[PDB]
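Peer 1: before the rest arrives, take these chain(s) from the complex:
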Amino acid sequence: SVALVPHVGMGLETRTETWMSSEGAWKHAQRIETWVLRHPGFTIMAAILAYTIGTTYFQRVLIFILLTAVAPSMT
(Lines give C-alpha, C1' and ligand atoms only; values in the text may rest on other atoms or scores of the structure.)
Protein backbone atom coordinates (compact mmCIF):
# COMPACT_ATOMS: atom_id res chain seq x y z
CA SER A 1 0.00 0.00 0.00
CA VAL A 2 1.05 3.59 -0.61
CA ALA A 3 -0.19 4.30 2.92
CA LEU A 4 2.73 2.28 4.32
CA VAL A 5 5.35 4.68 2.92
CA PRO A 6 4.36 8.13 4.23
CA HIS A 7 6.15 11.40 3.49
CA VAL A 8 7.44 12.04 7.01
CA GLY A 9 11.23 11.95 7.08
CA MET A 10 11.85 13.67 3.74
CA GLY A 11 13.46 16.76 5.29
CA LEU A 12 11.23 19.17 3.35
CA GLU A 13 9.33 20.54 6.34
CA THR A 14 8.71 24.27 6.70
CA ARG A 15 6.83 26.33 9.27
CA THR A 16 3.59 25.69 7.37
CA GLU A 17 1.68 22.77 8.85
CA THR A 18 1.74 19.50 6.93
CA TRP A 19 -1.06 17.41 5.42
CA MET A 20 -2.11 15.51 8.56
CA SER A 21 0.49 16.55 11.14
CA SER A 22 -2.06 16.89 13.94
CA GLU A 23 -3.73 13.60 13.00
CA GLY A 24 -0.64 11.55 12.19
CA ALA A 25 1.59 12.79 15.01
CA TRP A 26 0.33 10.17 17.48
CA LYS A 27 -1.39 7.61 15.24
CA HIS A 28 1.51 5.15 15.24
CA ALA A 29 1.81 5.26 19.04
CA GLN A 30 -1.96 4.89 19.41
CA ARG A 31 -1.89 1.86 17.12
CA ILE A 32 0.94 0.29 19.13
CA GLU A 33 -0.99 0.94 22.35
CA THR A 34 -4.16 -0.61 20.93
CA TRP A 35 -2.25 -3.65 19.66
CA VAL A 36 -0.55 -4.14 23.03
CA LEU A 37 -3.93 -3.92 24.76
CA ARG A 38 -5.48 -6.45 22.38
CA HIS A 39 -2.48 -8.83 22.60
CA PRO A 40 -1.29 -9.06 26.21
CA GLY A 41 0.06 -12.52 25.44
CA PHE A 42 2.73 -11.37 23.00
CA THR A 43 3.78 -8.56 25.34
CA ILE A 44 4.55 -11.02 28.14
CA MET A 45 6.57 -13.22 25.79
CA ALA A 46 8.45 -10.18 24.49
CA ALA A 47 9.22 -9.06 28.04
CA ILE A 48 10.53 -12.53 28.93
CA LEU A 49 12.65 -12.67 25.78
CA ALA A 50 14.05 -9.18 26.41
CA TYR A 51 14.90 -10.03 30.01
CA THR A 52 16.62 -13.25 28.94
CA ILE A 53 18.60 -11.81 26.03
CA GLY A 54 19.37 -8.43 27.57
CA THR A 55 22.44 -8.58 29.81
CA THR A 56 21.69 -5.18 31.37
CA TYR A 57 18.43 -3.39 32.09
CA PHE A 58 19.13 -0.90 29.29
CA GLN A 59 19.54 -3.72 26.76
CA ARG A 60 16.48 -5.50 28.14
CA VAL A 61 14.25 -2.42 28.02
CA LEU A 62 15.45 -1.45 24.55
CA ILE A 63 14.88 -4.97 23.21
CA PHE A 64 11.40 -5.13 24.75
CA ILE A 65 10.45 -1.71 23.34
CA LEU A 66 11.76 -2.57 19.88
CA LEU A 67 9.98 -5.94 19.85
CA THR A 68 6.69 -4.36 20.93
CA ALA A 69 6.99 -1.65 18.27
CA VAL A 70 7.95 -4.16 15.57
CA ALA A 71 5.17 -6.67 16.22
CA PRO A 72 2.35 -4.32 15.12
CA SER A 73 4.48 -2.69 12.42
CA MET A 74 5.19 -5.92 10.53
CA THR A 75 1.51 -6.84 10.71
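Peer 2: Sure, I can see it. Numbering: from 1, shown residues only, chains lettered A, B, ... in the order given.

Peer 1: Backbone torsions only: list them for residue A:9.
Peer 2: Phi and psi for residue A:9, reported as degrees, to the nearest 10, are phi -90, psi 40.

Peer 1: And the longest helix that chain A contains, what does it pack against?
Peer 2: With secondary structure taken from DSSP state H, chain A has its longest helix at helix A:57-74. If you count contacts as 3 or more CB pairs under 8 Å, 6 or more residues apart in numbering; DSSP states H and E, helix A:57-74 packs onto helix A:27-38, helix A:40-53. Yep, even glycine has a C-beta here, placed from its N, CA and C like the rest.

Peer 1: If we go by neighbour counts, what in the shortest one is buried?
Peer 2: Residues of helix A:27-38 classed as buried under the neighbour-count rule (16 or more other CB atoms under 10 Å) are A:32, A:35, A:36.

Peer 1: which among those gets closest to residue A:43?
Peer 2: The closest of those to residue A:43 turns out to be residue A:36 (CB to CB; 5.5 Å).

Peer 1: In stretch A:9-18, which of the residues would be classed as buried?
Peer 2: So, applying 16+ other CB under 10 Å, stretch A:9-18 has no buried residues.

Peer 1: Chain B goes on too:
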Amino acid sequence: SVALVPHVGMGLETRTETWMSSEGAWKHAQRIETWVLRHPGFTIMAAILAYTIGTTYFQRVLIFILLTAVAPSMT
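Peer 2: Chain B now in position relative to the chains above:
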Protein backbone atom coordinates in the same frame (compact mmCIF):
# COMPACT_ATOMS: atom_id res chain seq x y z
CA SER B 1 -5.00 4.61 8.05
CA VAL B 2 -7.08 1.44 8.00
CA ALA B 3 -4.31 -0.21 5.94
CA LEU B 4 -1.96 -0.24 8.95
CA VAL B 5 -4.04 -2.89 10.77
CA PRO B 6 -4.19 -5.59 8.08
CA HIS B 7 -5.83 -8.61 9.80
CA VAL B 8 -2.71 -10.77 9.71
CA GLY B 9 -2.21 -12.58 13.01
CA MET B 10 -5.90 -13.16 13.75
CA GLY B 11 -5.90 -16.94 13.51
CA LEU B 12 -8.85 -18.47 11.66
CA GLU B 13 -6.59 -19.15 8.66
CA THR B 14 -7.93 -22.13 6.73
CA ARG B 15 -6.37 -24.12 3.87
CA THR B 16 -7.92 -21.74 1.31
CA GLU B 17 -5.61 -18.94 0.22
CA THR B 18 -6.44 -15.63 1.88
CA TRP B 19 -6.93 -12.20 0.36
CA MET B 20 -3.76 -10.71 -1.14
CA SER B 21 -1.70 -13.37 0.63
CA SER B 22 0.95 -13.64 -2.09
CA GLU B 23 1.79 -9.93 -2.09
CA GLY B 24 1.46 -9.40 1.66
CA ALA B 25 3.88 -12.26 2.25
CA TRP B 26 6.86 -10.12 1.21
CA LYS B 27 5.55 -6.55 0.85
CA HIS B 28 6.83 -5.54 4.29
CA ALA B 29 10.29 -7.01 3.72
CA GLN B 30 10.39 -5.28 0.33
CA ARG B 31 9.54 -1.91 1.87
CA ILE B 32 12.17 -2.33 4.59
CA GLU B 33 14.78 -3.23 1.97
CA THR B 34 13.86 -0.21 -0.15
CA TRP B 35 14.02 2.03 2.92
CA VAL B 36 17.47 0.70 3.83
CA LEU B 37 18.61 1.31 0.25
CA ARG B 38 17.29 4.88 0.13
CA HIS B 39 18.44 5.75 3.68
CA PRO B 40 21.86 4.16 4.25
CA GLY B 41 22.86 6.98 6.59
CA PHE B 42 20.48 5.84 9.31
CA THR B 43 21.39 2.17 8.80
CA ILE B 44 25.03 2.86 9.66
CA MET B 45 23.92 4.78 12.75
CA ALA B 46 21.74 1.83 13.77
CA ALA B 47 24.67 -0.54 13.31
CA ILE B 48 26.91 1.65 15.47
CA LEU B 49 24.24 2.04 18.16
CA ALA B 50 23.56 -1.71 18.23
CA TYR B 51 27.27 -2.47 18.48
CA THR B 52 27.68 -0.02 21.36
CA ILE B 53 24.54 -1.12 23.23
CA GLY B 54 24.95 -4.81 22.46
CA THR B 55 27.30 -6.75 24.72
CA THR B 56 27.32 -10.05 22.79
CA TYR B 57 27.25 -10.48 19.03
CA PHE B 58 23.73 -11.91 19.19
CA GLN B 59 22.45 -8.88 21.10
CA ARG B 60 24.14 -6.57 18.61
CA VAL B 61 22.49 -8.26 15.63
CA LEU B 62 19.07 -8.52 17.28
CA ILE B 63 19.13 -4.82 18.16
CA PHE B 64 20.31 -4.01 14.63
CA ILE B 65 17.42 -5.81 12.91
CA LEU B 66 14.93 -4.42 15.43
CA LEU B 67 16.12 -0.86 14.82
CA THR B 68 16.25 -1.19 11.03
CA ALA B 69 12.76 -2.70 10.96
CA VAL B 70 11.20 -0.12 13.28
CA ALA B 71 12.83 2.82 11.47
CA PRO B 72 10.78 2.59 8.25
CA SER B 73 7.61 1.15 9.82
CA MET B 74 7.69 3.63 12.72
CA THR B 75 5.84 5.93 10.29
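
Peer 1: now that chain B has been added, could you go back to what packs on helix A:57-74?
Peer 2: helix A:27-38, helix A:40-53, helix B:40-53, helix B:57-73 (3 or more CB pairs under 8 Å, 6 or more residues apart in numbering or on different chains; DSSP states H and E).

Peer 1: ok, the residue nearest to residue A:28 when sequence neighbours are not counted - how many residues close by?
Peer 2: Leaving aside its sequence neighbours, residue A:28 sits nearest to residue B:75 (CB to CB, 6 or more residues apart in numbering or on different chains; 4.8 Å). Number of residues near residue B:75 (other CB atoms under 10 Å in any protein chain shown) recorded here: 17.

Peer 1: same thing with residue A:63?
Peer 2: 24.

Peer 1: Residue A:1 now?
Peer 2: Neighbours of residue A:1 using other CB under 10 Å come to 14.

Peer 1: residues in contact with it?
Peer 2: Counting by CB atoms under 8 Å, 6 or more residues apart in numbering or on different chains, residue A:1 touches B:3, B:27.

Peer 1: If we use 6 Å, what do you get?
Peer 2: Neighbouring residues of residue A:1 by CB atoms under 6 Å, 6 or more residues apart in numbering or on different chains: residue B:3.

Peer 1: Please list the residues of chain A that sit near chain B.
Peer 2: Counting by CB under 6 Å from any CB of the partner chain, the positions of chain A adjacent to chain B are A:1, A:3-4, A:6, A:8, A:28, A:55, A:66, A:69-70, A:73-75.

Peer 1: add one more, call it chain C:
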Amino acid sequence: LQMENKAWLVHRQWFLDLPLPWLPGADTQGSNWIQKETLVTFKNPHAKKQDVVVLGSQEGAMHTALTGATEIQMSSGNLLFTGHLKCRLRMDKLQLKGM
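Peer 2: That brings us to chain C, laid onto the chains above:
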Protein backbone atom coordinates in the same frame (compact mmCIF):
# COMPACT_ATOMS: atom_id res chain seq x y z
CA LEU C 1 -17.55 -8.07 5.89
CA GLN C 2 -19.17 -7.06 2.59
CA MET C 3 -17.63 -4.34 0.43
CA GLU C 4 -19.02 -3.05 -2.88
CA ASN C 5 -19.06 -6.43 -4.64
CA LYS C 6 -16.61 -8.44 -2.51
CA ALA C 7 -16.95 -10.06 0.90
CA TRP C 8 -14.51 -11.37 3.50
CA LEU C 9 -14.75 -13.37 6.70
CA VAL C 10 -12.91 -11.38 9.37
CA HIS C 11 -12.26 -11.33 13.10
CA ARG C 12 -14.95 -9.47 15.02
CA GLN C 13 -12.61 -7.58 17.35
CA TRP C 14 -10.52 -6.62 14.33
CA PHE C 15 -13.70 -5.38 12.65
CA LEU C 16 -14.69 -3.38 15.74
CA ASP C 17 -11.22 -1.80 16.02
CA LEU C 18 -11.23 -0.43 12.47
CA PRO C 19 -10.46 3.32 12.42
CA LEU C 20 -13.29 4.35 10.13
CA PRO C 21 -16.58 6.13 10.94
CA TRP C 22 -19.28 3.58 11.67
CA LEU C 23 -23.01 3.32 12.19
CA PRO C 24 -24.42 0.97 14.85
CA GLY C 25 -26.15 -1.12 12.17
CA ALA C 26 -29.65 -0.41 13.51
CA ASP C 27 -29.59 3.01 11.81
CA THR C 28 -31.82 3.49 8.76
CA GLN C 29 -31.11 7.22 8.32
CA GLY C 30 -27.41 7.24 9.15
CA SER C 31 -26.49 10.80 10.12
CA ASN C 32 -24.95 9.58 13.39
CA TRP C 33 -21.48 8.39 12.37
CA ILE C 34 -19.12 7.85 15.29
CA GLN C 35 -15.49 8.47 14.28
CA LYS C 36 -16.11 11.13 11.66
CA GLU C 37 -12.72 12.60 12.57
CA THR C 38 -10.94 9.62 11.01
CA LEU C 39 -12.34 10.38 7.54
CA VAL C 40 -11.68 14.15 7.57
CA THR C 41 -8.67 16.40 8.09
CA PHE C 42 -8.77 19.87 9.64
CA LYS C 43 -6.06 22.20 8.33
CA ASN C 44 -5.09 25.62 9.69
CA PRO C 45 -2.16 26.61 7.46
CA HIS C 46 -0.19 29.00 9.65
CA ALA C 47 -2.83 30.64 11.91
CA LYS C 48 -4.91 32.53 9.34
CA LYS C 49 -7.77 30.39 7.97
CA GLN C 50 -9.16 27.07 9.20
CA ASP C 51 -10.52 24.55 6.70
CA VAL C 52 -11.69 20.94 6.58
CA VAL C 53 -11.68 18.31 3.82
CA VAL C 54 -12.49 14.62 3.46
CA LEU C 55 -9.73 12.02 3.15
CA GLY C 56 -10.82 10.26 -0.05
CA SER C 57 -12.17 6.80 -0.80
CA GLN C 58 -10.81 4.24 1.67
CA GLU C 59 -11.64 1.24 -0.54
CA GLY C 60 -8.03 0.47 -1.48
CA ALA C 61 -6.74 1.05 2.04
CA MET C 62 -9.45 -1.29 3.29
CA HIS C 63 -8.38 -3.91 0.75
CA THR C 64 -4.83 -3.61 2.05
CA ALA C 65 -6.22 -3.97 5.58
CA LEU C 66 -8.05 -7.15 4.52
CA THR C 67 -4.89 -9.12 3.66
CA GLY C 68 -5.00 -12.37 5.59
CA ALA C 69 -8.80 -12.41 5.64
CA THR C 70 -10.38 -15.17 3.58
CA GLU C 71 -12.66 -13.99 0.79
CA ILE C 72 -16.26 -15.23 0.98
CA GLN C 73 -19.37 -14.72 -1.16
CA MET C 74 -22.29 -12.58 -0.01
CA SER C 75 -24.21 -11.70 -3.20
CA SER C 76 -26.81 -14.47 -3.52
CA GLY C 77 -26.66 -15.51 0.11
CA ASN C 78 -23.66 -15.81 2.40
CA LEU C 79 -21.57 -18.65 0.96
CA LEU C 80 -18.29 -19.54 2.67
CA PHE C 81 -16.02 -21.81 0.62
CA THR C 82 -13.50 -21.89 3.45
CA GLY C 83 -13.06 -23.79 6.70
CA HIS C 84 -13.48 -27.33 7.93
CA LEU C 85 -16.11 -29.57 9.49
CA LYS C 86 -15.45 -32.40 11.94
CA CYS C 87 -17.75 -35.39 11.40
CA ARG C 88 -17.99 -38.89 12.83
CA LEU C 89 -18.71 -41.41 10.08
CA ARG C 90 -20.78 -44.53 10.80
CA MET C 91 -20.24 -47.40 8.36
CA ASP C 92 -22.36 -49.99 10.19
CA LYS C 93 -25.13 -49.97 7.57
CA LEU C 94 -22.66 -49.64 4.68
CA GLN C 95 -22.01 -52.75 2.58
CA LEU C 96 -20.17 -53.38 -0.67
CA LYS C 97 -22.44 -53.52 -3.71
CA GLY C 98 -22.64 -56.81 -5.58
CA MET C 99 -20.54 -58.93 -3.23
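
Peer 1: Revisit what packs on helix A:57-74 given that chain C is now included?
Peer 2: Counting contacts by 3 or more CB pairs under 6 Å, 6 or more residues apart in numbering or on different chains; DSSP states H and E, helix A:57-74 packs against helix A:27-38, helix A:40-53, helix B:57-73.

Peer 1: does chain C sit close to stretch A:2-21?
Peer 2: Yes. Between stretch A:2-21 and chain C, judged by CB under 6 Å from any CB, the touching residues are A:3, A:16, A:17, A:20.

Peer 1: Next, the distance between the ends of that stretch.
Peer 2: 18 Å (CA to CA, to the nearest Å).

Peer 1: who touches it?
Peer 2: Contact partners of stretch A:2-21, identified using CB under 6 Å, 6+ apart, comprise B:1, B:3, B:31, B:75, C:41, C:45, C:61.

Peer 1: Which one, of the helices and strands packed on helix A:57-74, ends up nearest to residue C:10?
Peer 2: Using CB to CB, the helices and strands packed on helix A:57-74 put helix A:27-38 closest to residue C:10, at 14.4 Å.

Peer 1: Filter the contacts of stretch A:2-21 down to just the buried residues.
Peer 2: By neighbour count, with 16 or more other CB atoms under 10 Å in any protein chain shown, the contacts of stretch A:2-21 hold B:1, B:3, B:75, C:41, C:61 as buried.

Peer 1: how close does the residue in chain A that chain C sits nearest to sit to residue C:82?
Peer 2: Per CB to the nearest CB, residue A:1 is where chain A lies closest to chain C, at 3.9 Å. To residue C:82, residue A:1 is 24 Å away according to CB to CB, to the nearest Å.
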